[PDB]
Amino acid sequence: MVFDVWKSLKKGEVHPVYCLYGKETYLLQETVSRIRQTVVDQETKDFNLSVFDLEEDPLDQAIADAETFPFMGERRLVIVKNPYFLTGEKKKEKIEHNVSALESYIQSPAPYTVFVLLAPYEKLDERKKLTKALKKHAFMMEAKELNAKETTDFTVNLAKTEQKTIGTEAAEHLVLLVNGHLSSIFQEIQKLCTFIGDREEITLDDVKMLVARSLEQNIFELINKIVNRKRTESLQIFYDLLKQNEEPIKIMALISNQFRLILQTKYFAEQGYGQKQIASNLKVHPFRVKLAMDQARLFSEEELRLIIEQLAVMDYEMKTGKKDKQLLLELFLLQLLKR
């Protein structure tokens, strides 16, 4: 897990070869950053840090760097992004790398180098020689996209890394408020750990007082309330947005993005595709795809198409000429509530 690596780095356990994979790029990024903070010194970072992207860079140069002594430092850091040849994708499109030299390197790596493969794919091809070599010689870490329940456990465990705790109710509420984004959970957990001072436990009350419901979560909820005929609850959500000075045009764009998502999700769901395949097809986090799937059940295809076109018209009427922007939005939302 991400936590195994993070805890290891803090104990001074830094290994010569890592393979960080999975589609949760934020955790890949955060981990690469912690490894950097561990091995690189700012005074020598020009000399002891190298980043390559195998989409455009030669593997051999990354290896030649890895085999160079650190310069006025104890360790060197070499980062190698996008080993697409670890997957089963169409191999004709890009650079034809020297995989065998890489296999050789990870099997006998330079003791003074920390070599990190950053492979933002869900799955590596287990049949590939190099994949087998990594599972043996590299510290493998998967940063997968989480569902609702997994996201709660992640939040609970995250608090522990700061020597605090958070109960499952408080954690579930936090995850709800930030609409499941891990980057937001990480941020809010750090704020909460500081906030509670000497106290050990982040309470549900701490979460509610400190953590603001995200705009994107508000948009989601506004749409729930509307499709559920809860007239005042949804008028209240909309008002609060305006009242904290969100721009009507921005509110509209987010509403538009969600309705487009619902239509797409409904389209693929009705062909039997699951939360899993839809997220990867749409390049949207499964957490957010699940919610769109739930909402898609409450609208017909024809409604969604109408709603979407209404929003494109509003976008144009707002961007061009002088119509009352808030009024345009009021009318739209009122139409939705009668209809």
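Residue positions are given as counts along the sequence shown, with the first one as 1.
Undergrad: Averaging CA B factors per stretch from the PDB record, which one is higher: 53-61 or 305-313?
TA: Between 305-313 and 53-61, it is 53-61 that shows the higher mean C-alpha B-factor.
Undergrad: So which stretch wins on mean C-alpha B-factor, 9-17 or 322-330?
TA: Averaged over C-alpha atoms, the B-factors run higher in 322-330.
Undergrad: For the listed residues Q295, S280, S300, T31, which one has the largest C-alpha B-factor as given in the deposited model?
TA: Within the set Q295, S280, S300, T31, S280 shows the top C-alpha B-factor.
Undergrad: Hey, out of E169, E142, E188, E246, whose CA B-factor is highest in the deposited coordinates?
TA: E246 has the highest C-alpha B-factor of those listed.
Undergrad: Which third of the chain does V289 land in by C-alpha B-factor: lowest, middle or highest?
TA: Ranked within chain, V289 CA B lands in the lowest tercile.
Undergrad: Ranked by Cα temperature factor within the chain, is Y239 in the lowest third, the middle third or the highest third?
TA: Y239: CA B-factor falls in the highest third of its chain.
Undergrad: Report the third (lowest, middle or highest) to which the CA temperature factor of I262 belongs, ranking only the modelled residues of the same chain.
TA: Bottom third by C-alpha B-factor.
Undergrad: Is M252 in the lowest, middle or highest third of its chain when residues are ranked by C-alpha B-factor?
TA: Its C-alpha B-factor, which the entry lists for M252, ranks in the middle third among residues of this chain.
Undergrad: According to the PDB entry, is the CA B factor of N98 in the bottom, middle or top third of its chain, that is, lowest, middle or highest?
TA: Its C-alpha B-factor, which the entry lists for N98, ranks in the highest third among residues of this chain.
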